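Participant: The file below is coords25.cif, mmCIF, C-alpha atoms and all ligand atoms:
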data_coords
loop_
_atom_site.label_atom_id
_atom_site.label_comp_id
_atom_site.auth_asym_id
_atom_site.auth_seq_id
_atom_site.Cartn_x
_atom_site.Cartn_y
_atom_site.Cartn_z
CA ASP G 1 -5.98 -0.17 8.82
CA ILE G 2 -6.87 -0.89 5.19
CA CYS G 3 -6.03 -3.50 2.53
CA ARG G 4 -3.49 -1.95 0.12
CA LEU G 5 -5.29 -3.58 -2.84
CA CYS G 6 -9.07 -3.40 -2.23
CA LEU G 7 -8.83 -0.55 0.30
CA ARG G 8 -11.60 -2.18 2.35
CA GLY G 9 -11.66 -2.21 6.15
CA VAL G 10 -9.15 -4.45 7.93
CA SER G 11 -10.94 -6.23 10.78
CA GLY G 12 -7.87 -6.68 12.98
CA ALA G 13 -4.82 -8.12 11.17
CA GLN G 14 -5.30 -11.90 11.24
CA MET G 15 -7.23 -11.72 8.00
CA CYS G 16 -4.10 -10.06 6.59
CA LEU G 17 -0.57 -10.72 5.42
CA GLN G 18 2.05 -8.06 6.08
CA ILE G 19 3.39 -7.03 2.69
CA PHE G 20 6.42 -5.72 4.57
CA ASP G 21 7.58 -6.44 8.14
CA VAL G 22 9.93 -4.19 10.13
CA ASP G 23 13.40 -3.48 8.66
CA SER G 24 11.71 -4.40 5.43
CA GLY G 25 12.91 -4.36 1.81
CA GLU G 26 12.42 -7.62 -0.10
CA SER G 27 9.02 -9.19 0.57
CA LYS G 28 8.05 -11.88 -1.99
CA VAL G 29 4.49 -10.62 -1.51
CA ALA G 30 5.60 -7.23 -2.88
CA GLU G 31 7.44 -8.94 -5.75
CA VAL G 32 4.33 -10.87 -6.81
CA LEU G 33 2.07 -7.83 -6.58
CA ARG G 34 4.54 -5.81 -8.67
CA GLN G 35 4.37 -8.47 -11.40
CA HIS G 36 0.59 -8.17 -11.84
CA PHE G 37 -0.37 -4.57 -11.00
CA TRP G 38 0.47 -1.12 -12.51
CA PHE G 39 1.19 0.78 -9.28
CA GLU G 40 4.21 0.34 -6.99
CA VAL G 41 4.40 -1.43 -3.64
CA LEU G 42 6.93 0.20 -1.29
CA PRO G 43 7.92 0.07 2.41
CA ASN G 44 6.52 3.58 3.14
CA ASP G 45 3.06 4.07 1.52
CA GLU G 46 0.61 6.59 2.99
CA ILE G 47 -1.88 3.85 2.01
CA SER G 48 -1.09 0.55 3.69
CA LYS G 49 1.46 -2.25 3.89
CA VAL G 50 -1.06 -5.04 4.53
CA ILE G 51 -3.15 -7.17 2.12
CA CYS G 52 -6.30 -9.04 3.13
CA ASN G 53 -6.34 -12.80 2.61
CA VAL G 54 -9.22 -12.34 0.12
CA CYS G 55 -7.05 -10.29 -2.22
CA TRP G 56 -3.95 -12.38 -1.56
CA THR G 57 -5.76 -15.63 -2.38
CA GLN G 58 -6.84 -14.17 -5.76
CA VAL G 59 -3.38 -12.79 -6.56
CA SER G 60 -1.43 -15.87 -5.45
CA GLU G 61 -3.80 -18.27 -7.25
CA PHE G 62 -3.39 -16.22 -10.43
CA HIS G 63 0.38 -16.03 -10.00
CA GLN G 64 0.67 -19.79 -9.60
CA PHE G 65 -1.27 -20.10 -12.85
CA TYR G 66 0.87 -17.38 -14.51
CA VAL G 67 4.06 -19.27 -13.55
CA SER G 68 2.72 -22.47 -15.10
CA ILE G 69 1.97 -20.57 -18.31
CA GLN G 70 5.45 -19.02 -18.44
CA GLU G 71 6.99 -22.46 -18.11
CA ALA G 72 4.90 -23.90 -20.97
CA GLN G 73 5.73 -20.94 -23.19
CA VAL G 74 9.44 -21.16 -22.37
CA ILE G 75 9.55 -24.87 -23.23
CA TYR G 76 7.68 -24.34 -26.49
CA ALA G 77 9.87 -21.43 -27.58
CA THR G 78 13.06 -23.38 -26.82
CA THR G 79 12.05 -26.66 -28.48
CA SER G 80 12.35 -27.58 -32.17
CA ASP V 1 -5.14 -28.11 -31.88
CA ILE V 2 -3.56 -26.65 -28.74
CA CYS V 3 -4.42 -24.08 -26.06
CA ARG V 4 -2.47 -20.88 -26.82
CA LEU V 5 -1.76 -20.41 -23.08
CA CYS V 6 -1.06 -23.84 -21.52
CA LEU V 7 -0.18 -25.50 -24.84
CA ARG V 8 -1.95 -28.67 -23.70
CA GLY V 9 -4.01 -30.88 -26.00
CA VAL V 10 -7.37 -29.54 -27.17
CA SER V 11 -9.92 -32.36 -26.96
CA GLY V 12 -12.20 -31.07 -29.72
CA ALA V 13 -13.10 -27.36 -29.42
CA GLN V 14 -16.09 -27.24 -27.05
CA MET V 15 -13.74 -26.98 -24.10
CA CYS V 16 -12.38 -23.89 -25.87
CA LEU V 17 -13.11 -20.27 -26.67
CA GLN V 18 -11.93 -18.92 -30.00
CA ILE V 19 -9.59 -16.04 -29.22
CA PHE V 20 -10.25 -14.86 -32.77
CA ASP V 21 -13.04 -15.85 -35.19
CA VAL V 22 -12.85 -15.41 -38.97
CA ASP V 23 -12.30 -11.88 -40.34
CA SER V 24 -10.90 -11.26 -36.90
CA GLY V 25 -9.20 -8.23 -35.33
CA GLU V 26 -10.69 -7.07 -32.03
CA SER V 27 -11.52 -9.97 -29.71
CA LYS V 28 -12.09 -8.91 -26.06
CA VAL V 29 -10.48 -12.24 -25.16
CA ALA V 30 -7.27 -11.05 -26.84
CA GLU V 31 -7.54 -7.68 -25.09
CA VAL V 32 -7.79 -9.31 -21.65
CA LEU V 33 -4.93 -11.71 -22.31
CA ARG V 34 -2.75 -8.81 -23.50
CA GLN V 35 -3.38 -7.01 -20.19
CA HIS V 36 -2.02 -9.86 -18.05
CA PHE V 37 0.67 -11.63 -20.11
CA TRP V 38 4.07 -10.59 -21.60
CA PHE V 39 3.70 -12.12 -25.07
CA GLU V 40 1.40 -10.93 -27.87
CA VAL V 41 -1.89 -12.43 -29.04
CA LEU V 42 -2.43 -11.95 -32.79
CA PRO V 43 -4.77 -13.25 -35.54
CA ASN V 44 -1.99 -15.30 -37.23
CA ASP V 45 0.09 -17.25 -34.65
CA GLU V 46 1.92 -20.43 -35.68
CA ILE V 47 0.82 -21.49 -32.16
CA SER V 48 -2.94 -21.33 -31.75
CA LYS V 49 -5.91 -18.98 -31.65
CA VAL V 50 -7.93 -20.98 -29.09
CA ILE V 51 -7.86 -20.99 -25.26
CA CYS V 52 -9.16 -23.84 -23.12
CA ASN V 53 -11.91 -23.03 -20.63
CA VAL V 54 -9.52 -24.01 -17.80
CA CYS V 55 -7.12 -21.21 -18.69
CA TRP V 56 -9.89 -18.78 -19.57
CA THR V 57 -11.65 -19.30 -16.24
CA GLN V 58 -8.40 -18.46 -14.39
CA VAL V 59 -7.66 -15.40 -16.55
CA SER V 60 -11.21 -14.02 -16.54
CA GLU V 61 -11.62 -14.56 -12.77
CA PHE V 62 -8.35 -12.71 -12.19
CA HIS V 63 -9.31 -9.94 -14.60
CA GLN V 64 -12.64 -9.38 -12.86
CA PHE V 65 -10.67 -9.05 -9.62
CA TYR V 66 -8.09 -6.77 -11.30
CA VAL V 67 -10.89 -4.47 -12.54
CA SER V 68 -12.32 -4.20 -9.03
CA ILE V 69 -8.88 -3.25 -7.72
CA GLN V 70 -8.37 -0.59 -10.40
CA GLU V 71 -11.69 0.96 -9.47
CA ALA V 72 -10.82 1.11 -5.75
CA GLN V 73 -7.42 2.62 -6.51
CA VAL V 74 -8.93 5.19 -8.89
CA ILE V 75 -11.49 6.30 -6.31
CA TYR V 76 -8.85 6.57 -3.58
CA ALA V 77 -6.43 8.55 -5.75
CA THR V 78 -9.18 10.97 -6.82
CA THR V 79 -10.69 11.58 -3.38
CA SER V 80 -9.52 14.06 -0.73
ZN ZN G 101 -8.10 -6.73 -0.06
ZN ZN G 102 -5.15 -23.81 -21.49
#
Once you've parsed the file, please lay out its structure as structure tokens.
Ligand SMILES: [Zn+2]
Ligand SMILES: [Zn+2]

Facilitator:
Amino acid sequence: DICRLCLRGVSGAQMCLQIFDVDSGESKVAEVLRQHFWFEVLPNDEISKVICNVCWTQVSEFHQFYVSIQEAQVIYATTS
Amino acid sequence: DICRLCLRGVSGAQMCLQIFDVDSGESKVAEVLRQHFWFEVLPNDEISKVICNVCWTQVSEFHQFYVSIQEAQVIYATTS
């Protein structure tokens, strides 16, 4: 198996989150990845439907930051 | 002054990078911010043309990661 993002070797699977899990559609992980990358994340994929914790930590940390920035910008734009 | 991203109080300016600097246009900082956020970063801005190191560390760390991911995806998509 391979990490969908970094495409590096997956050791087993307990370094990894499943992007999708069986009778999939709707993931949260997929939704976050779609927000920050230019390619698509879909149930099928010849590539992979797993992401290593190393990539997920970087994406989720950035997303948490990104969400804080959106909130500050929203408040500023809606205040006199 | 205020951080263009988090809109929090700028202490002085040595916690901050100038997004733009005098006879501006072309920044690298602006270019990276434009890649990861939904609003525009421009010389004028009623808002601010400075970014605190706290925000810049988060953006630049993510961007470095993002660049590594693009490279892996490019190689995969161009290899048999
Ligand atoms: Zn990875
Ligand atoms: Zn900031």

Participant: With all atoms listed in the file considered, list every residue of chain G at most 7 Å from chain V, as a ChimeraX atom specification.

Facilitator: /G:5-7,36,58,62,69,72

Participant: Could I get chain V fitted onto chain G (least squares, all C-alpha atoms, in order) as a tab-separated table (two decimals) with C-alpha atoms, in the frame of the given file?

Facilitator:
chain	number	residue	atom	x	y	z
V	1	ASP	CA	-5.98	-0.17	8.82
V	2	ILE	CA	-6.86	-0.89	5.19
V	3	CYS	CA	-6.03	-3.49	2.53
V	4	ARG	CA	-3.49	-1.94	0.12
V	5	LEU	CA	-5.30	-3.57	-2.84
V	6	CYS	CA	-9.08	-3.40	-2.23
V	7	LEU	CA	-8.83	-0.55	0.30
V	8	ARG	CA	-11.59	-2.18	2.35
V	9	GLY	CA	-11.66	-2.21	6.15
V	10	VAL	CA	-9.15	-4.45	7.92
V	11	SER	CA	-10.94	-6.23	10.78
V	12	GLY	CA	-7.87	-6.68	12.98
V	13	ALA	CA	-4.82	-8.12	11.16
V	14	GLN	CA	-5.30	-11.90	11.24
V	15	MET	CA	-7.23	-11.72	8.00
V	16	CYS	CA	-4.10	-10.06	6.60
V	17	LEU	CA	-0.57	-10.72	5.42
V	18	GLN	CA	2.04	-8.06	6.08
V	19	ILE	CA	3.39	-7.03	2.69
V	20	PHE	CA	6.42	-5.71	4.57
V	21	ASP	CA	7.58	-6.44	8.14
V	22	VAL	CA	9.93	-4.19	10.13
V	23	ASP	CA	13.39	-3.48	8.67
V	24	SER	CA	11.71	-4.40	5.43
V	25	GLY	CA	12.91	-4.36	1.81
V	26	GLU	CA	12.42	-7.61	-0.09
V	27	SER	CA	9.02	-9.19	0.57
V	28	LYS	CA	8.04	-11.89	-1.99
V	29	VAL	CA	4.49	-10.62	-1.51
V	30	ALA	CA	5.60	-7.24	-2.88
V	31	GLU	CA	7.44	-8.94	-5.74
V	32	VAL	CA	4.33	-10.87	-6.81
V	33	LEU	CA	2.07	-7.83	-6.57
V	34	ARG	CA	4.54	-5.81	-8.67
V	35	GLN	CA	4.36	-8.47	-11.40
V	36	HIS	CA	0.58	-8.18	-11.84
V	37	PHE	CA	-0.37	-4.57	-11.00
V	38	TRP	CA	0.47	-1.12	-12.51
V	39	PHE	CA	1.19	0.78	-9.28
V	40	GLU	CA	4.21	0.34	-6.99
V	41	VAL	CA	4.40	-1.43	-3.63
V	42	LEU	CA	6.94	0.20	-1.29
V	43	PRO	CA	7.92	0.07	2.41
V	44	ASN	CA	6.52	3.58	3.13
V	45	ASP	CA	3.06	4.07	1.52
V	46	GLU	CA	0.61	6.59	2.99
V	47	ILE	CA	-1.88	3.85	2.01
V	48	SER	CA	-1.09	0.55	3.69
V	49	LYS	CA	1.46	-2.24	3.89
V	50	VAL	CA	-1.06	-5.05	4.53
V	51	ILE	CA	-3.15	-7.18	2.13
V	52	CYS	CA	-6.30	-9.04	3.13
V	53	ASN	CA	-6.34	-12.80	2.61
V	54	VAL	CA	-9.22	-12.34	0.12
V	55	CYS	CA	-7.05	-10.29	-2.22
V	56	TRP	CA	-3.95	-12.38	-1.56
V	57	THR	CA	-5.75	-15.63	-2.38
V	58	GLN	CA	-6.84	-14.18	-5.76
V	59	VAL	CA	-3.37	-12.79	-6.57
V	60	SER	CA	-1.43	-15.87	-5.44
V	61	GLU	CA	-3.80	-18.27	-7.25
V	62	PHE	CA	-3.39	-16.23	-10.43
V	63	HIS	CA	0.38	-16.03	-10.00
V	64	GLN	CA	0.68	-19.79	-9.60
V	65	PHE	CA	-1.27	-20.10	-12.86
V	66	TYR	CA	0.87	-17.38	-14.51
V	67	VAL	CA	4.06	-19.27	-13.54
V	68	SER	CA	2.72	-22.47	-15.10
V	69	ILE	CA	1.97	-20.57	-18.31
V	70	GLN	CA	5.45	-19.02	-18.44
V	71	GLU	CA	6.98	-22.46	-18.11
V	72	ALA	CA	4.89	-23.90	-20.97
V	73	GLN	CA	5.72	-20.93	-23.19
V	74	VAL	CA	9.44	-21.17	-22.37
V	75	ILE	CA	9.55	-24.87	-23.22
V	76	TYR	CA	7.67	-24.33	-26.49
V	77	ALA	CA	9.87	-21.42	-27.58
V	78	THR	CA	13.06	-23.39	-26.82
V	79	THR	CA	12.05	-26.66	-28.48
V	80	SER	CA	12.35	-27.58	-32.17

Participant: In Å, with one decimal, what is the gap from CA of residue 11 in chain G to CA of residue 46 in chain G?

Facilitator: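 Answer for the CA of residue 11 in chain G to CA of residue 46 in chain G separation: 18.9 Å.
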
Participant: Skipping near chain neighbours, those fewer than 6 positions away, what residues fall within 12 Å of residue 12 in chain G using only C-alpha atoms, listed as a list in words?

Facilitator: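 Within the cut-off, the hits are residues 1, 2, 3, 50, 51 and 52 of chain G.
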
Participant: Return range 48-64 of chain V, completed with N, CA, C and O atoms, as a CSV table (one decimal), keeping the file's coordinate frame.

Facilitator:
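The file below, rebuild_26.csv, is the result:
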chain,number,residue,atom,x,y,z
V,48,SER,N,-1.5,-21.0,-32.0
V,48,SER,CA,-2.9,-21.3,-31.8
V,48,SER,C,-3.7,-20.0,-31.6
V,48,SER,O,-3.2,-19.0,-31.2
V,49,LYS,N,-5.0,-20.1,-31.8
V,49,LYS,CA,-5.9,-19.0,-31.6
V,49,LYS,C,-7.1,-19.4,-30.8
V,49,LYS,O,-8.2,-18.9,-31.0
V,50,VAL,N,-6.9,-20.4,-30.0
V,50,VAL,CA,-7.9,-21.0,-29.1
V,50,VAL,C,-7.4,-21.0,-27.7
V,50,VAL,O,-6.2,-21.1,-27.5
V,51,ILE,N,-8.2,-20.9,-26.7
V,51,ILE,CA,-7.9,-21.0,-25.3
V,51,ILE,C,-8.8,-21.9,-24.5
V,51,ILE,O,-10.1,-21.8,-24.7
V,52,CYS,N,-8.3,-22.9,-23.8
V,52,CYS,CA,-9.2,-23.8,-23.1
V,52,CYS,C,-9.9,-23.1,-22.0
V,52,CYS,O,-9.5,-22.1,-21.5
V,53,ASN,N,-11.1,-23.6,-21.7
V,53,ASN,CA,-11.9,-23.0,-20.6
V,53,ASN,C,-11.2,-23.0,-19.3
V,53,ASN,O,-11.4,-22.1,-18.5
V,54,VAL,N,-10.3,-24.0,-19.0
V,54,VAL,CA,-9.5,-24.0,-17.8
V,54,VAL,C,-8.6,-22.8,-17.6
V,54,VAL,O,-8.5,-22.2,-16.6
V,55,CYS,N,-8.0,-22.4,-18.7
V,55,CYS,CA,-7.1,-21.2,-18.7
V,55,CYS,C,-8.0,-20.0,-18.7
V,55,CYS,O,-7.7,-19.0,-17.9
V,56,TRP,N,-9.1,-20.0,-19.5
V,56,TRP,CA,-9.9,-18.8,-19.6
V,56,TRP,C,-10.6,-18.5,-18.3
V,56,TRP,O,-10.7,-17.3,-17.9
V,57,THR,N,-11.0,-19.5,-17.5
V,57,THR,CA,-11.6,-19.3,-16.2
V,57,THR,C,-10.7,-18.6,-15.3
V,57,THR,O,-11.1,-17.7,-14.6
V,58,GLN,N,-9.4,-19.0,-15.3
V,58,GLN,CA,-8.4,-18.5,-14.4
V,58,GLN,C,-8.1,-17.0,-14.8
V,58,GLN,O,-7.9,-16.2,-14.0
V,59,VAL,N,-8.0,-16.8,-16.1
V,59,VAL,CA,-7.7,-15.4,-16.6
V,59,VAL,C,-8.8,-14.4,-16.3
V,59,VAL,O,-8.6,-13.3,-15.9
V,60,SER,N,-10.0,-14.9,-16.7
V,60,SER,CA,-11.2,-14.0,-16.5
V,60,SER,C,-11.6,-13.8,-15.1
V,60,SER,O,-12.0,-12.6,-14.8
V,61,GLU,N,-11.5,-14.8,-14.2
V,61,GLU,CA,-11.6,-14.6,-12.8
V,61,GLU,C,-10.6,-13.6,-12.3
V,61,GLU,O,-10.9,-12.6,-11.5
V,62,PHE,N,-9.3,-13.7,-12.7
V,62,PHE,CA,-8.4,-12.7,-12.2
V,62,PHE,C,-8.6,-11.3,-12.7
V,62,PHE,O,-8.5,-10.3,-12.0
V,63,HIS,N,-9.0,-11.2,-14.0
V,63,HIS,CA,-9.3,-9.9,-14.6
V,63,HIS,C,-10.5,-9.2,-13.9
V,63,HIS,O,-10.4,-8.0,-13.7
V,64,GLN,N,-11.5,-9.9,-13.6
V,64,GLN,CA,-12.6,-9.4,-12.9
V,64,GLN,C,-12.2,-8.8,-11.5
V,64,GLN,O,-12.6,-7.7,-11.1
